[PDB]
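J.: Take a look at the following structure, please.
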Amino acid sequence: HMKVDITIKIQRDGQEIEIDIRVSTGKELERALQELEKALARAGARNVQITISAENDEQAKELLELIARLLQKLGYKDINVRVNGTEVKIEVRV
């Protein structure tokens, strides 16, 4: 996979739900991101840590704003970022 891990921790009412989509290709990041938008809205995910394990600093910039474009479309108030070098964790709390 090189260094591209799309890691979704949903913290729910009494349960954590973790799913990782780690890939080196092109376009499967976008196809998974469209069904993940639909899955967060269909389940009702109130506290979500999306951690994107990214390859470089310019990739980490537009992956940071792709996660903000995703979570501002759903409607999340408490958008808490920490970047570990390139690894972008965004914690969103309803």
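Labels used: A, B, ... for chains in the order of the structure tokens, numbers from 1 for residues in each chain, and numbers from 1 for ligands as shown.
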Within 9 Å of range 46-62 of chain A, counting only C-alpha atoms, which residues qualify if same-chain residues fewer than 4 places away don't, as a list in words?
T.: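 Those residues are residues 2, 3, 4, 5, 6, 7, 8, 9, 10, 11, 12, 13, 22, 40, 66, 67, 76, 83, 84, 85, 86, 87, 88, 89, 90, 91, 92, 93 and 94 of chain A.
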J.: Write a file of the just-selected residues containing N, CA and C atoms, as a PDB file, in the first residue's frame.
T.:
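This went into result.pdb:
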```pdb
ATOM      1  N   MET A   2       2.167   1.320   0.021  1.00  0.00           N
ATOM      2  CA  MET A   2       3.040   2.523   0.140  1.00  0.00           C
ATOM      3  C   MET A   2       2.849   3.286   1.500  1.00  0.00           C
ATOM      4  N   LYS A   3       2.112   4.409   1.520  1.00  0.00           N
ATOM      5  CA  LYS A   3       1.688   5.094   2.776  1.00  0.00           C
ATOM      6  C   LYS A   3       0.331   5.833   2.532  1.00  0.00           C
ATOM      7  N   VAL A   4      -0.764   5.071   2.350  1.00  0.00           N
ATOM      8  CA  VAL A   4      -2.132   5.628   2.151  1.00  0.00           C
ATOM      9  C   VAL A   4      -3.102   4.671   2.926  1.00  0.00           C
ATOM     10  N   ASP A   5      -3.359   4.937   4.226  1.00  0.00           N
ATOM     11  CA  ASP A   5      -4.350   4.161   5.041  1.00  0.00           C
ATOM     12  C   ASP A   5      -5.576   5.076   5.351  1.00  0.00           C
ATOM     13  N   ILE A   6      -6.753   4.765   4.775  1.00  0.00           N
ATOM     14  CA  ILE A   6      -8.016   5.513   5.050  1.00  0.00           C
ATOM     15  C   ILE A   6      -8.722   4.824   6.270  1.00  0.00           C
ATOM     16  N   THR A   7      -8.420   5.271   7.506  1.00  0.00           N
ATOM     17  CA  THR A   7      -8.854   4.567   8.750  1.00  0.00           C
ATOM     18  C   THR A   7     -10.036   5.337   9.430  1.00  0.00           C
ATOM     19  N   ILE A   8     -11.222   4.706   9.529  1.00  0.00           N
ATOM     20  CA  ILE A   8     -12.449   5.357  10.081  1.00  0.00           C
ATOM     21  C   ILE A   8     -12.779   4.681  11.456  1.00  0.00           C
ATOM     22  N   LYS A   9     -12.534   5.356  12.601  1.00  0.00           N
ATOM     23  CA  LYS A   9     -13.121   4.947  13.916  1.00  0.00           C
ATOM     24  C   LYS A   9     -14.448   5.743  14.166  1.00  0.00           C
ATOM     25  N   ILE A  10     -15.604   5.056  14.099  1.00  0.00           N
ATOM     26  CA  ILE A  10     -16.912   5.600  14.578  1.00  0.00           C
ATOM     27  C   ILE A  10     -17.057   5.217  16.090  1.00  0.00           C
ATOM     28  N   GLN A  11     -16.991   6.211  16.992  1.00  0.00           N
ATOM     29  CA  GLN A  11     -17.379   6.034  18.415  1.00  0.00           C
ATOM     30  C   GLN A  11     -18.912   6.287  18.554  1.00  0.00           C
ATOM     31  N   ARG A  12     -19.668   5.203  18.772  1.00  0.00           N
ATOM     32  CA  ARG A  12     -21.150   5.242  18.852  1.00  0.00           C
ATOM     33  C   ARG A  12     -21.656   5.142  20.336  1.00  0.00           C
ATOM     34  N   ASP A  13     -22.984   5.070  20.500  1.00  0.00           N
ATOM     35  CA  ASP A  13     -23.665   4.741  21.783  1.00  0.00           C
ATOM     36  C   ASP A  13     -23.362   3.287  22.305  1.00  0.00           C
ATOM     37  N   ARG A  22      -6.887   0.655   3.126  1.00  0.00           N
ATOM     38  CA  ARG A  22      -5.478   1.019   2.780  1.00  0.00           C
ATOM     39  C   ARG A  22      -5.050   0.548   1.352  1.00  0.00           C
ATOM     40  N   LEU A  40     -21.723   6.883   6.941  1.00  0.00           N
ATOM     41  CA  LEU A  40     -21.836   7.845   8.085  1.00  0.00           C
ATOM     42  C   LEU A  40     -23.245   8.530   8.244  1.00  0.00           C
ATOM     43  N   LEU A  66     -10.288  17.649   1.816  1.00  0.00           N
ATOM     44  CA  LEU A  66     -11.282  16.572   1.475  1.00  0.00           C
ATOM     45  C   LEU A  66     -12.089  15.974   2.676  1.00  0.00           C
ATOM     46  N   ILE A  67     -11.446  15.659   3.817  1.00  0.00           N
ATOM     47  CA  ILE A  67     -12.159  15.291   5.081  1.00  0.00           C
ATOM     48  C   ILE A  67     -13.059  16.465   5.629  1.00  0.00           C
ATOM     49  N   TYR A  76     -21.218  18.657  11.054  1.00  0.00           N
ATOM     50  CA  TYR A  76     -20.515  18.425  12.344  1.00  0.00           C
ATOM     51  C   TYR A  76     -19.956  19.768  12.912  1.00  0.00           C
ATOM     52  N   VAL A  83      -2.355  16.641  13.133  1.00  0.00           N
ATOM     53  CA  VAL A  83      -1.526  16.016  12.059  1.00  0.00           C
ATOM     54  C   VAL A  83      -0.220  15.462  12.720  1.00  0.00           C
ATOM     55  N   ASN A  84      -0.008  14.133  12.704  1.00  0.00           N
ATOM     56  CA  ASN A  84       1.279  13.523  13.148  1.00  0.00           C
ATOM     57  C   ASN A  84       2.277  13.425  11.942  1.00  0.00           C
ATOM     58  N   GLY A  85       2.996  14.532  11.656  1.00  0.00           N
ATOM     59  CA  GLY A  85       3.843  14.653  10.433  1.00  0.00           C
ATOM     60  C   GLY A  85       3.038  14.810   9.128  1.00  0.00           C
ATOM     61  N   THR A  86       2.719  13.670   8.511  1.00  0.00           N
ATOM     62  CA  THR A  86       1.702  13.583   7.412  1.00  0.00           C
ATOM     63  C   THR A  86       0.315  12.959   7.828  1.00  0.00           C
ATOM     64  N   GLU A  87       0.165  12.362   9.030  1.00  0.00           N
ATOM     65  CA  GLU A  87      -0.982  11.480   9.378  1.00  0.00           C
ATOM     66  C   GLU A  87      -2.127  12.323  10.016  1.00  0.00           C
ATOM     67  N   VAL A  88      -3.199  12.553   9.249  1.00  0.00           N
ATOM     68  CA  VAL A  88      -4.221  13.586   9.573  1.00  0.00           C
ATOM     69  C   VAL A  88      -5.376  12.914  10.381  1.00  0.00           C
ATOM     70  N   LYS A  89      -5.418  13.065  11.725  1.00  0.00           N
ATOM     71  CA  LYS A  89      -6.622  12.696  12.523  1.00  0.00           C
ATOM     72  C   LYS A  89      -7.587  13.909  12.694  1.00  0.00           C
ATOM     73  N   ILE A  90      -8.831  13.766  12.213  1.00  0.00           N
ATOM     74  CA  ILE A  90      -9.898  14.793  12.403  1.00  0.00           C
ATOM     75  C   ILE A  90     -11.009  14.127  13.272  1.00  0.00           C
ATOM     76  N   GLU A  91     -11.132  14.614  14.516  1.00  0.00           N
ATOM     77  CA  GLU A  91     -12.162  14.166  15.481  1.00  0.00           C
ATOM     78  C   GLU A  91     -13.394  15.115  15.427  1.00  0.00           C
ATOM     79  N   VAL A  92     -14.529  14.605  14.925  1.00  0.00           N
ATOM     80  CA  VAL A  92     -15.779  15.402  14.768  1.00  0.00           C
ATOM     81  C   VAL A  92     -16.877  14.958  15.775  1.00  0.00           C
ATOM     82  N   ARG A  93     -17.371  15.905  16.593  1.00  0.00           N
ATOM     83  CA  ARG A  93     -18.315  15.591  17.711  1.00  0.00           C
ATOM     84  C   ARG A  93     -19.664  16.364  17.519  1.00  0.00           C
ATOM     85  N   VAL A  94     -20.801  15.643  17.440  1.00  0.00           N
ATOM     86  CA  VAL A  94     -22.156  16.259  17.281  1.00  0.00           C
ATOM     87  C   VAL A  94     -22.657  16.719  18.676  1.00  0.00           C
TER      88      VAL A  94
END
```
J.: Which of range 7-38 of chain A end up as strand (DSSP E) when DSSP is run on this backbone - answer as a ChimeraX atom specification?
T.: /A:7-12,15-22
J.: Would you mind reading off the distance between CA of residue 81 in chain A and CA of residue 64 in chain A, one decimal, in Å?
T.: 8.7 Å
J.: Check the smallest atom-to-atom distance from each of A:71, A:1, A:82, A:15 to residue 41 in chain A using only C-alpha atoms, then report the winner.
T.: A:71
